[PDB]
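Only one chain comes next, encoded as structure tokens, the form deposited in one PDB entry.
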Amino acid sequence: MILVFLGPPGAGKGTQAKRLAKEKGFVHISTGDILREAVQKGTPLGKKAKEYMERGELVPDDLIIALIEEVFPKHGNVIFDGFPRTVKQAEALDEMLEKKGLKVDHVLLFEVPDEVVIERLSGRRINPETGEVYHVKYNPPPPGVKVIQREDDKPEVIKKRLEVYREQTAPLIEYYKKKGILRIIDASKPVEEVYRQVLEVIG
């Protein structure tokens, strides 16, 4: 089974993907997480990608497509979390899979209002070591654990990231709808309720 998680930043896609991957045996492919590792490691990808990420812009398609080609799991179930984010990326993904006799099975759209997106991103805190995600209100970190606020989770960059999502990523809703594979998730609900919906639409 191959899944794509689609939706605005802050929708809870990473949180749901981690849970589903651990519980149902999926390889979790997060372009965000992989890019962050590349930036930390100072690879050619990381050095190039950094500028776009810091401004809240998408990293150029060719870089992302190459990345996916390099990490795509041979066999087994896969969650693409936050990829594709553009029509060109989605077209490349479909071509990739076709050559392997595979296809995307379901695309889950994590629907959530802008007001909630902004609350989620502004309260988002991460363990910079482990990548573990918390929220100051909805899932506070333990006192013993060091966390930071991502620089791209500041108001100005959040605004840009949301605009970028609406312009470049939201057209993927119709792209996948017309393939007959889109499923709607009310991503505004609490974590456990969202997870129940996720489990529902893939069974």
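So that the term is clear: the rigid core is the largest set of C-alpha atoms that superpose within 1.5 Å between two forms. One-based numbering along the sequence shown.
This protein has a second form, the form deposited in another entry, left out of what is shown; the following refers to that one.
With the core superposed, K177 shows a C-alpha displacement below 2 Å between the shown form and the other one.
Residue displacement note: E119 has its CA displaced by at least 2 Å between the shown form and the other one (rigid core superposed). Once both forms are fitted on their rigid core, the CA atom of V27 lies less than 2 Å apart between the shown form and the other one. A shift of at least 3 angstroms brings the Cα atoms of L97 and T43 nearer to each other in that other deposited form than in the displayed structure.
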